[PDB]
Amino acid sequence: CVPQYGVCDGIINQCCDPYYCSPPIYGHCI
């Protein structure tokens, strides 16, 4: 899982909470 500011891509699995890719689906975690 990606922490934050890490170029990720996905809808469910791609980043790490509480952070998550955004604002779009394939971008960076926030």
# chains A, B, ... in the order shown; residues from 1 in each chain; ligands from 1
>>> select_by_dssp(residues="chain A", states="strand (DSSP E)", output="PDB file with C-alpha atoms, in the first residue's frame")
ATOM      1  CA  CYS A  21      -5.197   8.153  -4.656  1.00  0.00           C
ATOM      2  CA  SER A  22      -6.963  11.320  -5.807  1.00  0.00           C
ATOM      3  CA  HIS A  28      -1.387  10.440  -6.223  1.00  0.00           C
ATOM      4  CA  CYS A  29      -2.467   9.423  -2.720  1.00  0.00           C
TER       5      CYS A  29
END
>>> residues_around(residues="residue 13 (chain A)", least_positions_apart="3", cutoff="12 Å", atoms="only C-alpha atoms", output="ChimeraX atom specification")
/A:1-2,8-10,16-17,19-21,25-26,29
>>> decode(residues="region 10-27 of chain A", atoms="N, CA, C and O atoms", output="PDB file, in the first residue's frame")
ATOM      1  N   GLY A  10      -5.629   3.167  -9.026  1.00  0.00           N
ATOM      2  CA  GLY A  10      -6.603   2.156  -8.658  1.00  0.00           C
ATOM      3  C   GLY A  10      -7.844   2.752  -8.024  1.00  0.00           C
ATOM      4  O   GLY A  10      -7.907   3.958  -7.781  1.00  0.00           O
ATOM      5  N   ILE A  11      -8.834   1.905  -7.757  1.00  0.00           N
ATOM      6  CA  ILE A  11     -10.079   2.357  -7.147  1.00  0.00           C
ATOM      7  C   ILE A  11     -10.197   1.863  -5.710  1.00  0.00           C
ATOM      8  O   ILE A  11     -10.610   2.607  -4.820  1.00  0.00           O
ATOM      9  N   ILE A  12      -9.832   0.605  -5.490  1.00  0.00           N
ATOM     10  CA  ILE A  12      -9.894   0.012  -4.159  1.00  0.00           C
ATOM     11  C   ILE A  12      -8.497  -0.224  -3.597  1.00  0.00           C
ATOM     12  O   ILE A  12      -8.152   0.283  -2.530  1.00  0.00           O
ATOM     13  N   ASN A  13      -7.697  -0.998  -4.322  1.00  0.00           N
ATOM     14  CA  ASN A  13      -6.336  -1.302  -3.897  1.00  0.00           C
ATOM     15  C   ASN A  13      -5.317  -0.561  -4.757  1.00  0.00           C
ATOM     16  O   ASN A  13      -5.259  -0.754  -5.972  1.00  0.00           O
ATOM     17  N   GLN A  14      -4.519   0.289  -4.120  1.00  0.00           N
ATOM     18  CA  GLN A  14      -3.503   1.059  -4.829  1.00  0.00           C
ATOM     19  C   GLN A  14      -2.731   1.956  -3.867  1.00  0.00           C
ATOM     20  O   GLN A  14      -1.549   2.232  -4.072  1.00  0.00           O
ATOM     21  N   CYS A  15      -3.408   2.409  -2.816  1.00  0.00           N
ATOM     22  CA  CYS A  15      -2.785   3.275  -1.822  1.00  0.00           C
ATOM     23  C   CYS A  15      -2.971   2.711  -0.416  1.00  0.00           C
ATOM     24  O   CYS A  15      -3.310   1.540  -0.245  1.00  0.00           O
ATOM     25  N   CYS A  16      -2.746   3.552   0.586  1.00  0.00           N
ATOM     26  CA  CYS A  16      -2.886   3.139   1.979  1.00  0.00           C
ATOM     27  C   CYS A  16      -3.633   4.196   2.786  1.00  0.00           C
ATOM     28  O   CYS A  16      -3.310   5.384   2.725  1.00  0.00           O
ATOM     29  N   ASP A  17      -4.634   3.758   3.541  1.00  0.00           N
ATOM     30  CA  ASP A  17      -5.427   4.665   4.363  1.00  0.00           C
ATOM     31  C   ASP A  17      -4.598   5.215   5.520  1.00  0.00           C
ATOM     32  O   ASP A  17      -3.571   4.653   5.901  1.00  0.00           O
ATOM     33  N   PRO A  18      -5.054   6.340   6.092  1.00  0.00           N
ATOM     34  CA  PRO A  18      -6.275   7.016   5.646  1.00  0.00           C
ATOM     35  C   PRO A  18      -6.111   7.664   4.275  1.00  0.00           C
ATOM     36  O   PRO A  18      -7.085   8.117   3.672  1.00  0.00           O
ATOM     37  N   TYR A  19      -4.877   7.704   3.789  1.00  0.00           N
ATOM     38  CA  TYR A  19      -4.585   8.298   2.489  1.00  0.00           C
ATOM     39  C   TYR A  19      -5.137   7.432   1.359  1.00  0.00           C
ATOM     40  O   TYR A  19      -5.460   6.261   1.561  1.00  0.00           O
ATOM     41  N   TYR A  20      -5.237   8.017   0.172  1.00  0.00           N
ATOM     42  CA  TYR A  20      -5.750   7.302  -0.992  1.00  0.00           C
ATOM     43  C   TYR A  20      -5.602   8.142  -2.257  1.00  0.00           C
ATOM     44  O   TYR A  20      -5.705   9.369  -2.218  1.00  0.00           O
ATOM     45  N   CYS A  21      -5.359   7.472  -3.378  1.00  0.00           N
ATOM     46  CA  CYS A  21      -5.197   8.153  -4.656  1.00  0.00           C
ATOM     47  C   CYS A  21      -6.319   9.164  -4.881  1.00  0.00           C
ATOM     48  O   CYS A  21      -7.458   8.942  -4.474  1.00  0.00           O
ATOM     49  N   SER A  22      -5.986  10.274  -5.531  1.00  0.00           N
ATOM     50  CA  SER A  22      -6.963  11.320  -5.807  1.00  0.00           C
ATOM     51  C   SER A  22      -6.295  12.531  -6.451  1.00  0.00           C
ATOM     52  O   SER A  22      -5.070  12.626  -6.536  1.00  0.00           O
ATOM     53  N   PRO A  23      -7.119  13.482  -6.918  1.00  0.00           N
ATOM     54  CA  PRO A  23      -8.579  13.381  -6.824  1.00  0.00           C
ATOM     55  C   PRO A  23      -9.146  12.301  -7.741  1.00  0.00           C
ATOM     56  O   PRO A  23     -10.152  11.661  -7.437  1.00  0.00           O
ATOM     57  N   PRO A  24      -8.485  12.092  -8.889  1.00  0.00           N
ATOM     58  CA  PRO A  24      -8.904  11.090  -9.873  1.00  0.00           C
ATOM     59  C   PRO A  24      -8.689   9.665  -9.376  1.00  0.00           C
ATOM     60  O   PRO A  24      -8.512   9.435  -8.180  1.00  0.00           O
ATOM     61  N   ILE A  25      -8.705   8.712 -10.302  1.00  0.00           N
ATOM     62  CA  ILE A  25      -8.510   7.309  -9.957  1.00  0.00           C
ATOM     63  C   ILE A  25      -7.043   6.911 -10.082  1.00  0.00           C
ATOM     64  O   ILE A  25      -6.527   6.141  -9.272  1.00  0.00           O
ATOM     65  N   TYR A  26      -6.377   7.443 -11.101  1.00  0.00           N
ATOM     66  CA  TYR A  26      -4.970   7.143 -11.335  1.00  0.00           C
ATOM     67  C   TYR A  26      -4.111   8.393 -11.162  1.00  0.00           C
ATOM     68  O   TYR A  26      -3.770   9.065 -12.134  1.00  0.00           O
ATOM     69  N   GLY A  27      -3.765   8.698  -9.915  1.00  0.00           N
ATOM     70  CA  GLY A  27      -2.948   9.866  -9.637  1.00  0.00           C
ATOM     71  C   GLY A  27      -2.044   9.668  -8.436  1.00  0.00           C
ATOM     72  O   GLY A  27      -1.216   8.755  -8.416  1.00  0.00           O
TER      73      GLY A  27
END
